[PDB]
Every structure is written in C-alpha cells, then in structure tokens.
Protein chains: 2
Amino acid sequence: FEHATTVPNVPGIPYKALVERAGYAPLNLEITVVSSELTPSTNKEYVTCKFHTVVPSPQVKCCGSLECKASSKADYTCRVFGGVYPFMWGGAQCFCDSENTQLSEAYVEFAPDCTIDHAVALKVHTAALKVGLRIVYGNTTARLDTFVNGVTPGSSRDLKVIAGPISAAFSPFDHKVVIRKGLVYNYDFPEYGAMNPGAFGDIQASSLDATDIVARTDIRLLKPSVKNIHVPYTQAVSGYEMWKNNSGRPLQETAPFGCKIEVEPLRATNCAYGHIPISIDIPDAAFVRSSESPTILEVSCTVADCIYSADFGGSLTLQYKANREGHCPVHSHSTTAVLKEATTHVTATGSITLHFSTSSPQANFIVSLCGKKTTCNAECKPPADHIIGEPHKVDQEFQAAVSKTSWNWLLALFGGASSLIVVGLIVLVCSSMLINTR
Amino acid sequence: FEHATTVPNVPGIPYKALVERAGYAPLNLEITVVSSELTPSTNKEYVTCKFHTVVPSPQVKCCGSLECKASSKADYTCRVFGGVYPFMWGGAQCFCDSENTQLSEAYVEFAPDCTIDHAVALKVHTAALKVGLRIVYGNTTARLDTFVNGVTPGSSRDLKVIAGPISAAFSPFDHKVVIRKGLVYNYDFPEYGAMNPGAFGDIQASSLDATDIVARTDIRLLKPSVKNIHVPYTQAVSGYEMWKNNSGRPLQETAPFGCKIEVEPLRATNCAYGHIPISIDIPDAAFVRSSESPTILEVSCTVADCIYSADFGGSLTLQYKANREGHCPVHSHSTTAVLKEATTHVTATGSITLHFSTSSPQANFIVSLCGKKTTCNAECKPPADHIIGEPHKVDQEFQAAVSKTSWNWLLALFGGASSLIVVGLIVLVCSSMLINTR
Ligand SMILES: *[C@@H]1O[C@H](CO)[C@@H](O)[C@H](O)[C@H]1NC(C)=O
Ligand SMILES: *[C@@H]1O[C@H](CO)[C@@H](O)[C@H](O)[C@H]1NC(C)=O
C-alpha cells in the first residue's frame, strides 16, 4: 500500500504515522531523515597562487646595437637600454667608450610551493539535494537514499520510494566561489582572462601544471643605475597574499542553518531547512489482519503530570481492558503532541505509561491505543531550565499557546451589544407606531 | 583614444566608423566580426548504449534443496525452480525421481560495440560567447579574440579591447541534451538512477568502463519447460535502439540562425543574432595631425546611377579641388548607406568614383571626403533579381522606404480643416455680436 506524508527537513527528528486499511490493524510507520546531502554542479574555471618573478641573465651587446623581442611567457616584459655601465668582480665586462648597450627582460611563473598552495576558482549552479531515510514498519527497519527530486525513486529491497520536491529552495553557495587548503570562500572572482594587479586571481591558469599561462601585474623595467650589471625590477605586491590577509571569515562561520560543508565534493551536509513531501509504498504482506490483532475494551487515559518542556518530558498513562494477549501500536493523531514508543504489550486488564512531548501548554488531544481512540486532556507548566540544544519543537507552534482559561476570559470579555442595539431599534419602532396613533 | 560603437552580430559584415579629434584628420576604423563562438558550461551525467543480457550456466542441485541469492550486478535477477527436467546430449544430467531442482539467474552488461556506440547525456548551463574581431586603422590591421563579457579586455599588442554584453541572450542549447556519434540531440533525458524499461537511457553508468552499474529493464525468468537444460528469459526491447529508431531530426536542422555546432567542445560557432556594444582604444601615435593631411576644396557629389539592390550595387562620384597630394579617407555618416573603400588618393582637381550600398530607395544623405562634408541625393530602383544569399541589409530598414513623392502626396492629402473651423467660429461669434446689436 502507498501512503503520503510531509516531513520537516531536520536530522534526528523521527516522525510517526499510521495507515488505515479496512480489516487491517493500523501499522505504525517511523520515518527518520538520517542526514542531508546538498550537492551542486560546478565547473573548474582557473587556479591562482603566489607567483615568482623571473630574473634571467641580461643580454649585453658591446659597442653595437640590438633590438627588443617579445616572448610567449605570461606577463612578459622587455626593454633595451643604451649607454650601459657594465662592471663585475671580474671588471668591465666589455670595452667601448660608453657605446655598449644591454637588453633586459623578465616574466613570472608559479612557485613550487604553489603545487600545494593552489586556490581554485569555481562556478556553481543547480544545487541538488540527497536525503537518506530510514523507515521502521512492523518492527522491521529498511533504508533508502534518494535524490530530493520526486521522479527518481531509489532502490532498497527493490522498493520504490520517492521524496520531494522541496517546499522551498535553499543553497548557501553563490554563483562564484573559491577553494583553498580545504576552506571555501564566497567571492566574485574575476573572470578568466581578466588581469587586475593587486587583486585576487592576478595569476590565472587552466591547470596547475599548464605550460600556457596568462597574467598581467604591471612590471616596469628600471634603467641600469650602478657600477655593476644589475636589473632593477619594480612590481606590485602579489594579489594572492593580499586576498589572504583580508579574505574575511570562512563560509563555515556564515552558512545559514549550520550547513556542514565538505570540500572534496564541494557539497553541504547535515543542514536542515524546509519541508519534504514523500510517498512510501509498503508490501501488503507486511500488514496484519485485525482478526489476529489483540482486542481491547474500555480504555481510558490519565495525565499523571505534564511539563511544557522543550525536550521530551511529558508523561501519560492508560488503563485498558482486553481479552487477547499480544502487542498493539499506540499513536496520537494530534500533531501538537508526539509519542516516544509506537507499540507495547497488551494484557486482559493491564495499564501502561507513556512518554511524549508537546508544543503547547494546553495538553488536550486524542490518542489511540491499538485500534481504539480516546480523548485525554491536561495542562502543562513551563520548565525551570530554558536553554537546551536537544531536539525541540518536533511540531511547530500553531498559535495554540492560548489557554482554555484565556478563551473563557476572552469569551466573557466580548459583549453582545448587537443584540442590545437590535432590541433598542425594535422598541423604538414600536414606540414610534404607538405615538403615530396619537 | 577610446571610441564606442555598436555592431550587429553577424559574420562578413564590415562596419566603418570615424573618430573626431581637433587637429587630427578623421581616422577610418573598420571592424569585422570574423566568427562567433558560443561555448556553454556542461557536466557529464551518464552514458547509455545497447546492452547484452547475461545467460550464465545455471546451478543444479540434484535430489536436494537450494536457495536463491542476489548479486551486485546491475539489473540482476534470480529464481529457483523445483521439479526440474534436466536432459542433455549426454543425457539426464543427474538422477532422482523428479526431486532435483535448479537455480537460474541473469544480469546485463554493455556490449563491446558500446565502446564506440556510447551516447552521453549532458546537463548544460551558462552559455558563454566568444567573439573574434579584426580592426583596421590607418591601413594597419590588428586582431583580438575576447569573451563577450564587458569586463575582460583581451590581449593583442598589449592592447585592451572590450565588447558586449549582448543586447539579448540567445542559446539553441537546452538544459538537457545528448551526444551520440558526433550528433547532438535536444531531449529531456531521465535523471541518473531512474530506470524505465522501454525508454531512452535505460542503462546508465558514471563512466564507460565503470564496474559499478545500475539498471532495470524488467527481466522475468521462465520455468524450465523442455527436455534439455535451458533458461528461457523474457525482457523488453532495448531502449537505445528504440530512441535511435524515432530519435527525431538532429539539432543541426533545427538551430535558429543557422548555428554551426561542433561536438568536441559541445559549442556553437558562426551563428549570428543580436547587437554588441564595444569600446576600442587606439594609440595617439596612430593619429595624424591635420597639418600634414591633404587639403581639399570645393568638392561636389553626383549619383551617376543607383539601384535599390540587396547586394552592393550602388555607385557614386565626387569631384574635388585640392592643393596637396596624398591620401584622404571617405565616409558616410548616414547609417542607411555604407561605402566600400575608406580612403583614396587626392589630386589638385581630380574626380573619383565610389561603390556603396543602401537599405532605402531614397538615396539622400551626407558623405565626407577627407575632412569635408557634402550632401548628395538620388533615387534608386528595385532590381530584376530578387533572391540572393550574399550580405544584405548592412543597415536594417528604418521605415525610410517611404519616398519623397509619397511625402509630397501625403502632405497634399491632409487638409487644414482646423483653420476652417477656427475661422468659422470666429465669424460666428462676430455675427452673433452683430445681431445682439439688433
Ligand atoms: C513485531 O510485532 C509483532 C506484533 O506482535 C510480533 O508478532 C512480531 O514478533 C514482532 N517482530 C519482531 C522481530 O519482534
Ligand atoms: C597609410 O596611409 C597613409 C596616408 O597617406 C600613408 O602615408 C601610409 O603610407 C599608408 N600605409 C601603408 C602601409 O600603406
């Protein structure tokens, strides 16, 4: 049989339900969302890391001429200079009365440390959510893991179970992101082929070990200015360390709902938000006919004591009369309250307690023992402790915090002035007629 | 200097422009979009291809019992059968008075041909356009290739040139696509992990040579029914050949604007649609002062004959007086008409012809020889031939097909009834006063 139900997106929050079929005892169904797995689609754009300038041996043409030539190396620079003043420990490298000239050039390349200090700029889209569900029926536990989509049931025992789509779409990830040393940072990285000195991603490459590179970081050559042969180079500070210094806090400290983000899939997990509708198919053989089910008689409830606690602290008791030994389930069709155990033994005239929780102080509701129903009411008090991180609000508040006494007082407050005005008008018209008599 | 201009998205359509700077002769600028390259971002989802069922040797337990066991193989099936009737050329394989039983099982695997018959399902997004521009200035040709974005100028001579963004976004590709044997097909492939017998992508795999596979194609075992040992298997027809038979026409025959689609990048090229704004930076040294530019005097135009042809078939002539020898550019600031050659020699009293085209039959406009301007008018006739595929409408029609004679007739048609009614009212009030005299 197939049953439909909506569940909150949250871990460690079992949800209990029942299936009604004529001649079959209502079957307890427990559903647990073990964890969440939001995996988006992303594409590798480029990589960046601290670079190193190249300072190759300059070219010296003595007492003659020469011309500059470009080079395919990324961020390359070249420039000639006449009237050079070459000196070295060995002395004047060559000789002519200041006629000689020298060509200098430089370029950049990623340093060896980059191999492990690389930071990759990622473009992401189409967040996809994966949900793992564990379902208990007839004290039998089955499992499945399915994409949140409502069109691809998973495989578990060759059982087709579907979930979603989500009520709302949530994704902490933004279109542009960066990954560095296992830390993910939300930032609008410059597009590939865009070089801006003193900025993130100044050096860009298709792959870490790509021979072809493109970069621009405003390198300007300086004229020789000293005795010896030297190439003074002026360049802006590397942008990688710049972004490192003031990169801001990591996404791990900014993700809403406490998403637990992992890097190797670049995906979130254990993050709770939204609702999920699901349809569960259960084999008919799993069901049990009511003929063999225990029969109960003259059952009653009693709230020994309840507390309006965030955690599961509510208690209840039931007393029953029966004729057959065995087990029956227990349920509460009121969403405001949730039980703890689904089934229990049954004796001829036994009475058993129950643990439960509620989201309202007016503990009035209907609970079913085995197949039969029964009303049960009480009032609960706020707790002394008022800060706890354990599961809370298994059912969200439904403006039911208002008390029965509050309803009685509000009813006694509003007055029936409409009846007063109606009676006044009626007597007024009657008197008007009586005086039209004259 | 920097100049801004908008160009249509189309190949083989040179666009001519001028830059105005005081004391500098206007510099002809020719811009050509050599080709287009629309490259989107896509992710590999899975692969599919014709499969082959596995028919392994069945298990036979003689005169005893046995139990079925599942197998991790994709789309696996298993089933036992008692009271088997085993026979073979060698005869009754084993002996017991019908007590023996046999277990049969089967699964599926991609056939060797699949290695080259594989079809990959692709998910695509964020179409990105790449434009190659060739720019001629001062009879010097330079090139660049830039992403359509307006934030990443390209590198050519270390020159920064920017283009786009597009006026409108166009992409023949859809969210879901498939690629097979170099043919791209637009189809909503079933999501990974969704098996539907008798449909496209029945067999799915992360990679072509992935040991782990998932599939379901409704295999049911049949009981032994003959003398010999045999395993009758019933299964639905393979979905790959099914989609092949009625896959529909390829995208190559459906892409708007005649996009030329290539598979190895899964990208379109040579596809024309939309407008592109661009900014071109030109070095100051490229400009030439008006002092050295040839000086012209008393220039005049003459339309020898024009034809309202789709192709470049318009002709013109100019006669000029000058004092200096050299070259000057020629331009037309009227968008409705486009010239063919940008510059020409200049003599003291020479006269030269010109080839051009127009998008309106009213060939009235202003054209500039060297620096000076001049008005020039004529009328053009439709051509005898009225089907040609060569470049047409270098400038789109601007509701200027209306003729001067049509304007004269329309002006002579509309009448000044407003003046008539005003005069009638004035004389009416005058007469009313005259009669109020009595
Ligand atoms: C599940 O509950 C039924 C109900 O009495 C019981 O008969 C059965 O033995 C239980 N199964 C297990 C595994 O405890
Ligand atoms: C470009 O045109 C100018 C204008 O007269 C001329 O001086 C120059 O030689 C031309 N350049 C080439 C390469 O023809």
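Residues numbered from 1 in each chain as written, not as in the entry; some residues may be left out. Chains lettered and ligands numbered in written order. Part of a larger assembly, values for the part shown. Heavy atoms only, no water.

Looking at the entry header, you'll see cryo-EM listed as the method and 4.74 Å as the resolution.

Within the PDB entry, the label attached to chain A reads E1 envelope glycoprotein, and the organism entered is Western equine encephalitis virus. Looking at the header, the entry is titled "CryoEM structure of Western equine encephalitis virus VLP in complex with the avian MXRA8 receptor".

Trainee: It is not clear to me how the relation of the copies chain B and chain A should be interpreted in this structure. Could you clarify?
Mentor: There are two copies of the chain, and a rotation about an axis plus a shift along that axis relates them. Rotating chain B by 180 degrees and moving it 0.2 Å along the rotation axis overlays it on chain A with an RMSD of 0.0 Å. Within this description, the copies of the chain are treated as partners about a two-fold rotation axis. Both copies present the same face, since 100% of the interface residues in chain B are matched by interface residues at the equivalent positions in chain A. (Least-squares fit on C-alpha atoms. Contact = heavy atoms within 4.5 Å.)

Trainee: Would you mind going over the pattern of salt bridges with me for this structure?
Mentor: For side chains bearing opposite charge, pairing can occur when the charged atoms are close. Applying the stated criterion across every chain yields a total of 14 salt bridges over all chains. The partner of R220(A) in a salt bridge is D218(A), with the nearest N and O atoms 2.7 Å apart. The partly exposed category is assigned to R220(A), whose relative accessible area is 45%. Owing to a relative accessible area of 37%, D218(A) belongs among the partly exposed residues under this scheme. One salt bridge connects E37(B) with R267(B), and the closest N-O pair in it is separated by 2.6 Å. With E37(B) in strand β3 (residues 24-48) and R267(B) in strand β18 (residues 267-269), this residue pair connects regions lying 230 residues apart in the sequence. What emerges from the salt-bridge pattern is a single network uniting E37(A), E262(A) and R267(A). (Salt bridge = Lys/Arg side-chain N within 4 Å of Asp/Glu carboxyl O. Buried < 20%, exposed > 50% of the residue type's maximum accessible area, 1.4 Å probe, protein only. Helix = DSSP H or I, 4+ residues; strand = E, 2+ residues; numbered from the N terminus.)

Trainee: Is there a simple way to think about helix α4 (residues 417-437) of chain B in this case?
Mentor: Along its 21 residues, α4(B) runs 30 Å from first to last C-alpha, staying within 8% of the 30 Å computed at 1.5 Å per residue. Backbone geometry just downstream of α4(B) places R438(B) in the positive-phi region, at approximately 60 degrees. (Expected span 1.5 Å × (residues − 1).)

Trainee: I tried to follow the side chain of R180(B) on my own but got confused; where do I start?
Mentor: Residue and element names in this part refer to chain B. Structurally, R180 can be placed in strand β11 (residues 176-180). Among the residues examined, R180 registers a relative accessible area of 19% and is labelled buried. In this structure, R180 is in contact with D117, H118, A119, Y240 and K244, ignoring residues within four places of it in sequence.

Trainee: When you look at the interface of chain B and chain A in this model, what are you seeing that I'm missing?
Mentor: Accessible area lost on assembly of the parts is the figure often given for the size of an interface. On the chain A side, the residues contacting the 14 residues of chain B number 14 residues. In terms of surface lost to chain A, no three residues of chain B exceed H125(B), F147(B) and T152(B), which account for 33% of the buried area on that side. Between chain B and chain A we count 0 salt bridges in total. Where chain B packs against chain A, one counts 1 residue pair in polar contact. Those elements giving two or more residues to the side of chain B that touches chain A turn out to be β3 and β8 (119-137) of chain B. Here the residues of the side of chain B that touches chain A sort into 5 nonpolar, 8 polar and 1 charged. (Buried area = accessible area lost by both parts, 1.4 Å probe. Polar contact = N/O pair within 3.5 Å; in protein donor to acceptor, adjacent residues only side chain to side chain. Nonpolar A, V, L, I, M, F, W, Y, C, P; charged D, E, K, R; others polar.)

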